[PDB]
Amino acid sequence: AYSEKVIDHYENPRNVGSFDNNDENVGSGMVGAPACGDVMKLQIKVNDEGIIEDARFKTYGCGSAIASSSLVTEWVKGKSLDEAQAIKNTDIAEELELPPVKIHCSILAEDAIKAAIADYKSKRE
């Protein structure tokens, strides 16, 4: 019942891995949402003075949940702090063509990126 893009991202996830949580260049946010009991850790490292250099993720959930956070890391690369700040789950769901049921994967994906950003801003200090 999955979409083609989701299959692609699930079977070939882009940006798997993790960054040093004390990298100073890195803001990491790990958000889960027990309600289906998933959890995805996303984190960025920013090109000092705004723009985003690179991001990485790890996740635990459906292929949808996975493809969701995969897509996000891909989208975030080359973006700004704020450009990525205004991503909105809805856009993530449209792209992946998510069914009503797996809508929670977007909300979560958005939560993750927003949480990582907030972490970066908090550390400076």
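Numbering starts at 1 and follows the sequence shown.
In this entry, 80-88 shows the higher mean Cα temperature factor of the pair 80-88 and 64-72. As listed in the deposited structure, the average C-alpha B-factor of 4-12 and of 115-123 is greater for 115-123. In the PDB entry, residue 59 places in the lowest third of its chain by CA B-factor. Per-chain ranking of the deposited C-alpha B factor places residue 31 in the middle third.
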